[PDB]
Amino acid sequence: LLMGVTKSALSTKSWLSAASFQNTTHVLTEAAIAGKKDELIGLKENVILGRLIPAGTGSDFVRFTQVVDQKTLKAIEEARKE
Amino acid sequence: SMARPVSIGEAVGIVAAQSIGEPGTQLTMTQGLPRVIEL
Amino acid sequence: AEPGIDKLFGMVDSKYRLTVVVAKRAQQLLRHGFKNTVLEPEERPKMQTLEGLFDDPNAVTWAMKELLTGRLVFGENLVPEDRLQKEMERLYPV
Amino acid sequence: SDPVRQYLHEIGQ
Amino acid sequence: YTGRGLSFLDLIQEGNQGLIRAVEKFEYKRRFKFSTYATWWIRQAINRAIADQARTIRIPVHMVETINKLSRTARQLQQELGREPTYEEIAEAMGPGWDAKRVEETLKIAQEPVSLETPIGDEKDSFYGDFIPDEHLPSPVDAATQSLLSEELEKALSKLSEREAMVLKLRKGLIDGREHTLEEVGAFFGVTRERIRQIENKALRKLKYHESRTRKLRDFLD
Amino acid sequence: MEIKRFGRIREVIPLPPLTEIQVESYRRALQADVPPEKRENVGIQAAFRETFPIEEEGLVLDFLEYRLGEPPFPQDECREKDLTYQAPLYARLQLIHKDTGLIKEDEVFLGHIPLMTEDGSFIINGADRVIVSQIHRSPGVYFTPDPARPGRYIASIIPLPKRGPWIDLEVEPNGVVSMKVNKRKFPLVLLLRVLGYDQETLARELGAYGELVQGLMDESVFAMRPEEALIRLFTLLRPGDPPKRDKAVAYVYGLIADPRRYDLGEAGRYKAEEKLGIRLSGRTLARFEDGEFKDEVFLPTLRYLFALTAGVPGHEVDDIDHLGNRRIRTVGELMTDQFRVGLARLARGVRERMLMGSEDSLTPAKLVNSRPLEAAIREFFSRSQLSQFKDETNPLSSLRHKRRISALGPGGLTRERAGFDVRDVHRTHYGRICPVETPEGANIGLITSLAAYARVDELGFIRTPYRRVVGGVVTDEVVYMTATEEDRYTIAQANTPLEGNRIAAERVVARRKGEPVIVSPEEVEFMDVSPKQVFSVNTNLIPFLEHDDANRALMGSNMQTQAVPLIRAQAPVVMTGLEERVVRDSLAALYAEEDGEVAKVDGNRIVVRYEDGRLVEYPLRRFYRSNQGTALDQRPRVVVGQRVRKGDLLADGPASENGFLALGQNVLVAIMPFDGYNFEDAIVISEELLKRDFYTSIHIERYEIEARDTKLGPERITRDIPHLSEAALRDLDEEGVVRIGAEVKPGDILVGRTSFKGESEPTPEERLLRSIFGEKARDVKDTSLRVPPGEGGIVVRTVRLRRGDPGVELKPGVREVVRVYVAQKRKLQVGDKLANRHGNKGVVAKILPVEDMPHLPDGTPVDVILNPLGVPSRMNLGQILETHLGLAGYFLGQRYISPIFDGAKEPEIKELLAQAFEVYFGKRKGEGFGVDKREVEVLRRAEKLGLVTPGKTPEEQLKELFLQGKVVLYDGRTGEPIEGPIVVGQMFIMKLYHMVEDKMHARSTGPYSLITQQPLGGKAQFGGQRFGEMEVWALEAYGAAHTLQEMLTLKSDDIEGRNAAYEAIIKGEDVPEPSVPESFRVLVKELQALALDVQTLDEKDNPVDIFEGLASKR
Amino acid sequence: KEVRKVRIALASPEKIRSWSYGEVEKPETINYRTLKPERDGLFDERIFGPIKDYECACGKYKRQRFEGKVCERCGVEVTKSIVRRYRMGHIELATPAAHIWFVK
Amino acid sequence: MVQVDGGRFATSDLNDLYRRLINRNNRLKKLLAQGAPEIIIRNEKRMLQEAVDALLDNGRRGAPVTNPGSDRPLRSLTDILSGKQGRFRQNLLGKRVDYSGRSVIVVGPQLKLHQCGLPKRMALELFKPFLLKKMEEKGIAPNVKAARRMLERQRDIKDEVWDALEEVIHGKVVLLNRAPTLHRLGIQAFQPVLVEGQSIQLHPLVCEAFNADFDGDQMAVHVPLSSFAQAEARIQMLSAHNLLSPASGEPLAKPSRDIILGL
DNA sequence: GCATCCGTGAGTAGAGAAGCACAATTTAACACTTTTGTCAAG
DNA sequence: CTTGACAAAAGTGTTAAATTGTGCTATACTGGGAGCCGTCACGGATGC
Ligand SMILES: [Mg+2]
Ligand SMILES: [Zn+2]
């Protein structure tokens, strides 16, 4: 199937982003009846909830990176495997 | 913007939308912006 | 541009990992009052003040310059988060 | 669509 | 009765209620036609509904009928004097027991609330609500200075004795949140109401000496 | 300083009164000076004669006459007391008892009619206002082609706005003609039968076209009687209502035949007769006489539609954007229309009041309630789109505002429905509406300005003057004529050469129905009066308009309105000739009524001894604050004992110099890049401008405060403000108000006010605080008025209005109000916007010392440095020619008047430059100075660029450069010359109202919204900056997840987060992790109010409480 | 725990009554003289919460020590005034009414 | 329903919508209790349905409900959430923010690519919470509360406050935004240089990315607060780190206007 | 297939018009103890 | 540190005026009122 950007955006799984674009009454009416569960995948959903967007520094690929100095690293290493 | 492989985590969808939409006013407007909109 | 920004971008696979490392290191420096720094006394960032030349209070500036030296180890699942915070407090009291 | 006209018709019977 | 705060259908339904009451109280023994007697109850029910339902802030019937009289009197004075009457002029025409002060208060009461969604300007992108600050929730500055005062006060109370600081925190309600009586404190510690007043002042006096020596607490007084 | 005048076109007539569109229209509506028995049936007089007489159906309320009394207060008093300048209205009415035959007459007070000032504005609630004229489709009968189906036309009948339904006549494909009323389509045959038409009448009149009449001859209803046909139509219009003859005739009569509900209008009636070739008795679609309906317009409308469809030569379609089909509703018509609406509401109230209550004993005073009349009038002058806050930055600003034409407003258009056709320059705008003047943006083509020579007639159609041409000679007979009449003649251009009055050129450029044509002199019938009639007043003030692109001429004319008055304002060196008329017609200056001698001259007033002997004293408006905050003052320009003639200037008004409009300064301008401080429209100025106080303006700001009655006690305006030292109260007098003349800075108290604190027990920490210091808490708190950040100046006026004062109508609960006026003398600074008349605008980006600016070889530094790169793309070459002419006038000590399209040409400018060179360089020779070494180097480069002829002497080559407007310019920093000659001249530059002082704003924390808990908006409210969707998109594209989350939560609406963030920062700590926004909590609760169960879940689908347990019931 | 999903669903009449802290029975909002909320109105403190923190409508309780307590006289829970942004009411309709979203 | 400073009350349209529903619902209960005829009950039930519809979505079916004296439709629950002025697009997808400012921009020819000219008066307000801490660390003020009182009055501000403000903004960056933000370089991070005056000095080479000229343009200023926010702006959003166009890869910060002409 | 009505959407900033009688409920003015708080006495 | 006793502060029970709520007016009166308008394209459904 091929649809325009307007129709494609309104047919997305996340009802939070679709309701915030257009046809809020229509989007919420179908989402509430279907009991849709927004998984907060895109950027708009996390903006609405004030959450860290899953992009840039908020992406899971870099968000959990740790930083430590050698002195602290060796201290932790020398204290556990001893 | 960096002339190098993209970094994992970049919101390229937002960049793509802004890249297309930014010169929209510079179009002369089947021709110009109406042609882009129907496509 | 930030000093050595090209070298900073070259040490990470994703440019946003560099920001995470710098920001996390900056708060580590702020939490311990810059006493956990890996910079030598002649390498500490400085600012020009009327009273005299004093230490730079911007921890982001410190964190970027620390990463250029290469004495910082960054990565995922290096050490447990609880173990990291507790051990730093012991060896760097604050 | 007109509640007033609908009511007047009802009372007119 | 339209244009007085109630929709046309509201007036009819309220008028129907008076019509129902008219049927119950109607007496055909008097040989009067129904419309003669029903009109009184239909108009009565419409009037009461307007006096009860036409305002967002409900005003009793006596004040509504007072407000109606004031407008009627003012309008009659306006058309005779060829200008807007003053409050003294309106009060004099009203009768005894009325002065310019009472007229002004009645007009102040008669002020309908304004909508928060009233637009400003030709553009339909601004309302009154966008310009009304919230004065209930404390500001970040007010919340911060309260925390600053709390930590400086408990720091000053540390210089006091273990019991002396406890009494002030208990008498001023710094622990339970409520100011207690020297008696309500006389049961916590088993002491006399004059014991507390004896030390509570002594602990108060020592804080005065400490404050004068450091002056780390005056700026919070404003 | 003599003035040299250019131009060859002789204007036979002067400009009409520039405010006559406002003044004359309102005079015609009021008719206040004409005696009642000679009042014509127009204006509010027509409103009375339309609603009256009021008949109960045997009580009649008839209208005899009305009168307007003197205004209760003068205009200055209304402004000072926030009153409306208005005149009481009395109507002399009689009540007639048709049964008894007794008449009682009395004069009732109908309210107050707002009065127009002499300049053409209104004072509504103490504020100056201008009613903008409205343009719309003129009423009448129109014939447009059907776009869906070619070869078919539709008839449109338009009455006055809100004065009847629009009617459509269309030939259906079935062949029967249809009439559409109130979105209900029905066959016109039914209605046409109702108005008494048989089968033979239609065939005898409309049967000579073709098959069209065959579709109008349905005999199923022709045999039916008109009475039931009237009822049959009544069913189609509003279906369901019980068919009754009495009710049916009233509905049809009220729809097309009632003058009280349907009004085609004087313009609509005239258009209908002109188009259909008939004569209407009234202004209705039909008449109802002798118990039957007679046709007025439907038959001629259908006759024209059939003939147009058939294709007869004499019938044509109507261009709805043609300016003969578009009319103007002026202030008089707009006020009269709202007066009629209020009068109709009053009549309805009278009718319902005269049918009940003491029928025998009734008087017109008791029956008439004037509040509905006053409410409609008050609503029109206060809350109407066309009633606008008067723009009076400078006198030209007020003059433009009164000549503005708006297609929007009630009964007009909205941008959505405004397309490229109503927004475009139609060919009929020539000489009637300025083609270039319009607000760029969403209002382009919707708000326009009246042309300089154009005037609105009685019917509302704009007429433009033309000179009659007969036999090839141009006469002095001037005919004001509409667009539809203009299409019938061949009109030549005003620039056509004439030898006396005979047309000299054999080929004449002319217009035939808006198209340019070349015709012979004998074919010319009319001539343009002047090139100035095509443009508005603002556009006519742009010299060398013919050398500027229309897009940039639009900017130049608009920015003349935004120019602020200057304490040393100067008339431009190059003028167009309208500078004097703008000042004279704006009524901002003062002129002698007749010949006389000035007796007393003072900064406050002028007394003139006229020849007749009467002493006339003219108070001078001094340091008055305009609607925009600019200071409007009149400075006397005469001396004691000076003899003045009639019309001689007595005192210059704001932004005027010796009676000439002075919107800026005449400064020395060098057109050259300068170290990047000219980058992208930025402007470099010299510090010498500040030294001699050019571009220095006076601005006055008004601050207001009220002392109110409160339930806790009344607010007191007093000097005793608790918990403040003497330094904060130093400038306050004993009454608590700041003394007049005190310098105030942000945070300083303008007036002291104490309000009783709300009854609330203090926090235990505060209670211990007061206990430690032994200080009893007071009952009042500081609620005084202070200077907002970024403001201040000198206190020049204090106004204190108290309850019970004569004419002061304070709101209930307000004991008194104090108004403080603070004046600041603003000098030109970095960030202030400068502009010229040619659309070149920019902000001051750098102020240089005098020794740094480029200077002439004689040592004269330039004042302003403009980037030459702003010229080529904008194609506004008039500034270059103004600079060249200004350079010649700078050395010759003269100013110039060059009318637009007929003025100074380059040969005339160059010959002036030749004379200016003889004083520029001939003075140097007499002083004993030759040619500079630096000049020789520049001339060496100049001949390499082809700017000077090789082989000539340095003096001759320097003269060649001067004739091009270029001089050898030295760099003040280095002393070396600029490697190429620079265009240096004198140009008129304006200082605009957009100033960085009033636009700079910053906020750390401040007020928040009530519901969303987000920061407010606006500098006045100390609000935050709006971070909209596009700004959010920018952070998402950057990947700045944490920066985005702070703005969403920590800095906007995370109540816990923003409190903790502020406390963390002031402790030297990092801000904590943010929490859920309060707006999301609002959304969830609002979604719950829509009966929607919105729940936030966790990884395991279990509910998560984002309300901290505050909404969970146990 | 961390919010990971947002679910939207129809609210049953029982669920709506479970949300509400009381039924709004009168159309009154605030007294015209005292300017204080009216009982059983759209602003009632007994339904939606106290106007000011830890203070009941009558004034018997004015302290934080009584958190979670409902005054026996006034009937207002002694808690933070911010609950008036979250605590909802309900109107018991005499006859059922259709939701316009699911109709139009 | 809030009392304004003037003394008059301001209330939302939902209260009037709720009152109409309660008035009609209560009247139906009394009409049912009185055993009213079905015609009267039918009209009341029909009005109850319309009252519910107006509260949920005013104007969706039939004539919109308006308050007496005006033709403005009452703002229902659907109107609050939908549209450009609705909750989603006005308060959720975009918000007004603290620590923000706005001023007219001028060309900063002497500025470095990563630098902007920020007025001192703006920076004092923008960095006030940081400045109060810095003033307390020095001998300018005894504590934060006294420090804030000093800054409230302009004439009470000492010259040592401005020196402390320089130490506050050392290394920190601000966000400059010009509307409309058509692309991401409509917001860029610059190190603020304190300048006398009220105008923001902008680098000439970033004007093209902002589509900014100096004929009256204004820009918004924003302060990233935490270490993450500062690190993101200094690394990812710095003007000197964004030289190529993300749309085409071509240099976006490049010589233009006088720079090209001089070269 | 097709024609029609309804619904949706259409850039971002900033600045800006009944009395009256009577009952029923509430408020406010009193008195009253009763209670804390306080300055003498050891 | 306990009297202790003592006045102010606060609580409390009546009683009055004041405010508020409710019922009732008997010639006959019996279906409203304002609008009515210059955009355009797009789905989507609803029937033909
Ligand atoms: Mg610009
Ligand atoms: Zn209570």
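Side-chain atoms are counted along with the backbone in the values below, which use heavy atoms only and exclude waters and symmetry mates. Chain letters run A, B, ... following the sequence lines, proteins first and then strands; every chain starts at 1.
Of the two parts of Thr763(F), only the side chain, counted from C-beta on, holds a non-hydrogen atom closer than 4.5 Å to a non-hydrogen atom of chain E. For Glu151(E), the part sitting under 4.5 Å from any heavy atom of chain F is the side chain, from C-beta outward, and nothing else. For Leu81(E), no part sits under 4.5 Å from any heavy atom of chain F, backbone or side chain. Heavy-atom distances place the side chain of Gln146(E), and not its backbone, under 4.5 Å from chain F. Contacts of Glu1056(F) with chain E are absent, with no heavy-atom separation under 4.5 Å from either backbone or side chain. Both the backbone and the side chain of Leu769(F) come within contact range of chain E, each with at least one heavy atom under 4.5 Å from a heavy atom of that chain. In this structure, no portion of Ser370(F) lies under 4.5 Å from any heavy atom of chain E.
Top candidate by heavy-atom pairs under 4.5 Å with chain E, chosen from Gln385(F), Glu352(F), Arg1058(F), is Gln385(F). By number of non-hydrogen pairs under 4.5 angstrom with chain F, the leading residue of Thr86(E), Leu157(E), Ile132(E) is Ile132(E). Between chain F and the options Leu107(E), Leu168(E), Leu137(E), the largest number of non-hydrogen pairs under 4.5 Å is found for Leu137(E). By number of non-hydrogen pairs under 4.5 angstrom with chain E, the leading residue of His112(F), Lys1067(F), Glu761(F) is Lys1067(F).
For a heavy-atom cut-off of 4.5 Å, chain F lies close to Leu217(E), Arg218(E), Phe220(E), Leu221(E), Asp222(E) in residues 213-222 of chain E.
Partners of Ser1009(F) by side-chain contact (heavy atoms from CB on, under 4.5 Å), not counting sequence neighbours, listed by chain and number: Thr1012(F), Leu1016(F). Residues that satisfy the salt bridge (charged side-chain N to carboxylate O under 4.0 Å, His left out) test with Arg767(F), not counting sequence neighbours, are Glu179(E). A search for salt bridge (charged side-chain N to carboxylate O under 4.0 Å, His left out) contacts involving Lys159(E) returns nothing, not counting sequence neighbours.
Judged by distance alone, the side chain of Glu104(E) and the main-chain N or O of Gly813(F) form a donor-acceptor pair under 3.5 Å.
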